[PDB]
Amino acid sequence: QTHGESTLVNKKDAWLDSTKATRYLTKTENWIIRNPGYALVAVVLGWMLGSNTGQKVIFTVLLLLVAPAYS
Amino acid sequence: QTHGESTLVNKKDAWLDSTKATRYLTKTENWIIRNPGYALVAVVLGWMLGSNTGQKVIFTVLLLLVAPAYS
Amino acid sequence: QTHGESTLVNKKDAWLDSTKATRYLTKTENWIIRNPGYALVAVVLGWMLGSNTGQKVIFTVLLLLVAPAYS
Amino acid sequence: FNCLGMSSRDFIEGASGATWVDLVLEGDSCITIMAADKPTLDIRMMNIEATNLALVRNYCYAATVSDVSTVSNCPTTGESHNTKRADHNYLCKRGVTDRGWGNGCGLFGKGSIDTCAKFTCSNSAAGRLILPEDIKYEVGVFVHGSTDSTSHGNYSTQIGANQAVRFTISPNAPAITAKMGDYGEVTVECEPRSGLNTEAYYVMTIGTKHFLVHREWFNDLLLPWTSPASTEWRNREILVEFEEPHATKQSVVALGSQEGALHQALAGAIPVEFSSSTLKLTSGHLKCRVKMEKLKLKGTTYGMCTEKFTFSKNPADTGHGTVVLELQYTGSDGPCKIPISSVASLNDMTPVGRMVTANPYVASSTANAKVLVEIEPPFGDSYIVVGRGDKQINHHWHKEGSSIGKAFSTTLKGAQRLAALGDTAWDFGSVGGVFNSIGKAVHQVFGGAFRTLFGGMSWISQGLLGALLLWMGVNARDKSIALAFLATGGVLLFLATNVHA
Amino acid sequence: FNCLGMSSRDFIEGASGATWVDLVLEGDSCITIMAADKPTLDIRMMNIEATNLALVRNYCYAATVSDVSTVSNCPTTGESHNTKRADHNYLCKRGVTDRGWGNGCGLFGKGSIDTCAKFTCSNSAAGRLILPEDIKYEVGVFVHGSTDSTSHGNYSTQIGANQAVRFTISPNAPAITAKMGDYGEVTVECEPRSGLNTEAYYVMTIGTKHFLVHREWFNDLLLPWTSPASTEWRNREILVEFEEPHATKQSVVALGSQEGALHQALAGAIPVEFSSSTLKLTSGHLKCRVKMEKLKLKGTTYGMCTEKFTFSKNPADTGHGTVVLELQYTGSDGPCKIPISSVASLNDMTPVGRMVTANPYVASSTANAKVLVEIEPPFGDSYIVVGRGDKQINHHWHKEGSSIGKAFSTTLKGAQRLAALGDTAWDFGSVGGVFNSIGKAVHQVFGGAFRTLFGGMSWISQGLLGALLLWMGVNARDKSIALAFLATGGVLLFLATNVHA
Amino acid sequence: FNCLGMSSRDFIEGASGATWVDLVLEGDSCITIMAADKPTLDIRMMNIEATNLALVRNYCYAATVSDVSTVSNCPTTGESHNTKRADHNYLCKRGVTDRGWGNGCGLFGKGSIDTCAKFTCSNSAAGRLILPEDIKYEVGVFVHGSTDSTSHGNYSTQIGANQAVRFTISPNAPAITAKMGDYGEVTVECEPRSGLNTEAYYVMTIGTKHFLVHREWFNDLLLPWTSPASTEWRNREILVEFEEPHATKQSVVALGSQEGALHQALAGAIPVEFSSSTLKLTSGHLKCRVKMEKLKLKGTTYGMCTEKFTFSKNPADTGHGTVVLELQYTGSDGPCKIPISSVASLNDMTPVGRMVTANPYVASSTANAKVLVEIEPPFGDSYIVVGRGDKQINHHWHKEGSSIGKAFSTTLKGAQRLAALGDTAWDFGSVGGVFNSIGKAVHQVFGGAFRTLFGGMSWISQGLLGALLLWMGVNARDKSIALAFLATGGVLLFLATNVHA
């Protein structure tokens, strides 16, 4: 489990500040690149049970986020 | 990124098999216990958005799973 | 990438004052002379792509400008 | 080799018309073939051996940082360049500080800064690639004859009796004809190259521990890696961090050894044994087509033994439905056939359970000779009658389970084998292939899409996706798509539960 | 101390007729206080010092395993129950291995095996807590007198001239009054214990590095931990792995280390300096109130000078909207006040730009003296005029800014301050009133709910949730619900972007 | 200095009530100030002189590769990593080639190869940054008096006559007063810092020719560029081409000198003069505020001349509507005032056209003296009458044009000045009126969006956009959008046609 952003006011950088924009995305992007075939699965699942187009997009993005970071 | 279950046919156990049922759930459960206040947020968001009871339950569990495992 | 007209107030002539009216046109005119067959394609696409008469002329001139200056 | 004391044991019936049998022969599992008239065969793949492994990448999991120097410039001038950047082995990263008149600069703003750190790697987790032309499967073949319990497993005694012979199956020798003294010769036409997919596995060594990782996983590690026989490292800014931009002197601290992170990352890796550049792992399978054309039962059959038989070891169930017992023959009548059978009751002496051992006999002519006998009694109460007349050793035996339970267990085992082998499972225990060929083709077609859509997804994710598919298919309108979604969800749930998580 | 060359600088103007002004006094954020007639005061909290810390736990990242012994039992004969399980400092795990006649047993099946290993931990990552009474701040106060730029930042010359002092704020010494040469006595009555909450922070010592981690995160680590001054390691099976259940033997292996996993896990941890049990961190905040009733000007008796002022150092921009210039007094007229002001043009010479260094004056009577001056020119072109007549020296300055741009930047900085500080941000630069108290109460009553709902959420998760809330609100039929969802989504998106990731 | 025979010379008439006017002082565009009674003076800034420039980026345009070597690796063996890659100034790039049995490899396929070439830069184009403080504009002020035509252009004579004087205007001294022998003092209040936007301009040096280029353009070039005082080049692959990947060897050739490409790329770059690190460009504008409070007449004490005046040189037009003539005095009565005026007709003898050279006279007492007089006759026929009686010498002049034509000409000139300046053009001749202030404010507001929306488009693209806007506006429905589009399109083509291309 990562520490996360400390609630203490710190105008300087934390222990890891360079990876602040990568720690939560490298795993997801590498998994998506690893098996890109799953991308269409989320799209079709959203289009099937999605009552509204916005709902379809929401379901697609939620599935594409759930699958890499398991649980 | 975890290695995951190997594609080889192994009758024996892998390098880590005792934690096979925990490596994907301990982080989520520890995060949920840490801030249980989010649990009602996902529940109400699913309930007030789903046009069907099953859809609402799906959205609730999807958000409650998205939150701990970022992306 | 060309430098373009400088924002500094200069009553003199810039580094290349003679070619100010040719740097942006010689390539296009050489290309359209070397490839006169594209003109019919451009006008046909412009006529088809628009319904209003003025829109057709705009489409034709825009495509005829696009083709020599790629992207 | 011998199947005695093996957790996984499967029996394949041998049709009289069929002369060849196709079996997967998966590692750490014993396959026993029970032919009608030919002696029973049991083949077990011991291990897979490889040699001459070549490096691919050398990830570093423990870095050392020292000799830190810092050069800074005024805000107006460009980014500073430290003189140590020209020399290699020095990780240099630029940065920005704040400069003022007190610091010595003539202007205020975001002054630049550059620092260096001598980067040295202590130990590296080198990865190696296994060439398909080097793997050497070791396969053992055994025929159940007259074997003592202590000798049932000792290869030297078995090869002395010309019953069990170990042969190494390599791409240069895919077929070996095993010669036996009296049972004939059994020929195997196994395909070693298609068995282990050496194009999708590395051999990652972390200190003393060796593993077997995938192609994609080992190439996606976020560690400073170098090419083989290369001093210069690449992507060194991972194990080394810079604490805070300080104009006077910036502190550079290296992260601790990532050895534990690698071990935690190797959740599903298969540990192997590496010594003197000799890989030796046991997992994997080789599709063998065993030809039992020349395999024959001994023509000469000896007379029944008449002396008293004593149980050296009482009948003990092996858990596969077969009973293993050892008989000590008190007399010395030379070669004779043991009068042992399994009967439903003492009233009817017709044997009801097939004998795994082919015509058990006392080969030795010396007294107190011990012979191991394996039987497969029928379900329910049964009697293991050894000998006949006034010397028969009647021994009651109760076998748990029923025919329906055995059928369900076999179906579950077949489903697990199909899940754990893919399309190759349709080639297990196949003799005709009239219906298995189309089954294998359709399974390949489905599996290609299944691995394309899902691929390497965790068991929990597979279970969640299967549950979602079931929920959205039970409410589906069209029957065809509903059935397809139900089947896909069932497959996902079975795969999730197959991991026993 | 001096706000010169500081990343963040805050300018506040004291309300007329107000004796005191409240300020949050952020760490490493020098704040300048300007009054109607009091000398300019800049207060900066240099660092926080704590002593006599106590341990709470001892997590282990490196473990050593030896003395591996195992005992095995026959199948269906109970568990092994190794004798070393009661023996402390021995980790034991029970597994199941298949046993047969080859292994020496009498029966067949999964025979239980219990393996015990000596768990010795080489290195421990001790965690400590900060006592609320031992934490003492260190606040430096300065008065903008006349000093050379070289000596402006040097503390020894300032403490010699009594223009700057360092005083410590402790729970039993909340109000400390510091006397100066002639400017008076500045009273600093602040609450130290209510500034930084030490009831939610731990000091974690991983080898040589030290960090300031949360209490909730430090107690949820999955590592072998013990209470202080004890060797009883609990939950220690994480660092020890049992390779494979083998007959009468089971080799066990421990993970090499866990420093890398810990360092990667300390994403947002705040590094601190720890030496001789004396904590020293430069971050944090301290809600402070400063009473300037006793503060008074110096040198107001002196008249204007009658010599030429020459710019020894060219004026420079601090980036916060204030220019810093250095003046050299050519004449020798003893102490005198410099007639320097910022005007919109030379024809009108009306003072429009406020001057940070209130009432500059040449201190020494030497022929050549250097005085540093800080001004706040108005937006657009402006002239820095020093005196009148033929002896005046003029300088032109054109700061890049606009009133609308200044307002937007101030709003953005205030929003960032509110996000970073929270409830205490409403007390920044506040002299009192009903508006500030009501705003602080509302902010507390909303931020409590916000933190309960979103306590450990990451910026990416916060951004996604904010986007989802906005998309739900734009589709919401109810006006009040839509407005509430829009506000919540905007707050979440702003907080996510505040991390700048 | 003087403005005889110079194009773009704009006369300005100060208000009688006012005594100070604001000018712009364009580059090589003199402006003559005509006061009601005060002597007319013209100020023209000569050049902008800077110094103490600092390097920012040293681009390279002349590569030279040598010592090319290659290392090839067999397929499925790893990357090559040529040993010379460790040394710097050795560009390396990895490629993939075809390997075979003839190439010496075991298993053939797609191999790996890398090539190392010693990259050395022969000629480097160095860019420099101008510090805003260092620029010191040079402004020359000339007062029209008794000046011979030959001595009018000589700077030494005017210094001797104490009429013209050169002073340098710098941010360290924006306001400087001029010394005249008898005309009093002239005080100007120019703003040098806001004159040239030195923050957005560099000084690029290509060989022996130096150019003043934009900030954004110079930072977006694609060439091997190094930080100042840094030997290590960066982005070197642009000037190096690897032609043929062959296992035996790979040919590396450096591209030709990019010196011509840069010159072709410098379309609107402004050439400058560089010597001893002293930038000298004559372009740019300097807003000023010239005060003539102390400016007084000379020669009013002299009496009128008695002898006859002969035209030494025929009157010649200037092109701006003024006439320059030279009068030769035959007698010798000491310093005397020349009676000269322009009359509409000879029966009136009433001066109708104001004289640019106010109060002409003959300073020298020599028998023959030459005096240059500049007049501004009205439109149509005009007579230049000198003296009266029998000694009167006449001359006819015909100023072709009309008041309406001159009105259109000055409107077009003002439009060009607005286009070439922006908001500073509203400070040309203003006396601080409210109309000019609001005009400049609204012009700044519009121009910010105009430059932000249309940053660096070429002249032809601006014309095309203006034509499209006109076509859309003439067919628009709503009146507001139609008029807005019409105005924007008109501005666009005015800008496109302003460059005269």
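When the chains are written out, they are named A, B, C, D, E and F in that same order, and each has its own residue count from 1.
Note that in this section contacts are C-beta pairs under 8 Å (C-beta built on N, C-alpha and C of every residue); 3 or more make two chains touch, one makes a residue touch a chain.
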item	value
Repeat of the B-D interface, chosen from C-F, B-E or A-D (over half of contact pairs identical by residue number)	C-F
Chain pair, B-D or E-F, that carries the greater number of C-beta contacts	B-D
Geometric centre distance via CA averages, chain D-chain A, whole Å	34
Inter-centroid spacing, chain E versus chain B (mean Cα positions, whole Å)	34
Rounded Å distance between chain A and chain F, as computed from the means of their C-alpha atoms	55
Chain centre separation in whole Å, for chain E relative to chain A (CA means)	29
Where chain E touches two or more other chains at once, by residue number	7, 220, 222, 241, 244, 263-264, 271, 314, 456, 458, 460, 464, 468
Shared-contact residues (touching 2 or more other chains) in chain A	1, 12, 15-16, 24-25, 30, 49, 65-66, 70-71
Residues of chain A defined as touching chain D within the complex	12-13, 15-16, 18, 26, 30, 34-35, 37-38, 40-41, 45, 48-49, 66-67, 70-71
List of chain E residues in touch with chain A within their complex	7-8, 26-29, 196, 200-201, 211-214, 217, 220-222, 263-271, 282-285, 420-421, 456, 458-460, 464, 468, 471, 475, 499-501
Touching residues on chain B, where the partner in the complex is chain A	1, 24-25, 27-28, 30-31, 51, 55, 58, 62-63, 65-66, 68-71
Touching residues on chain D, where the partner in the complex is chain A	216, 220, 222, 241, 244, 452-458, 460-461, 464-465, 468, 472
Of all residues in chain B, those that touch chain D in their complex	1-12, 14-16, 19-21, 23-25, 54, 58, 65
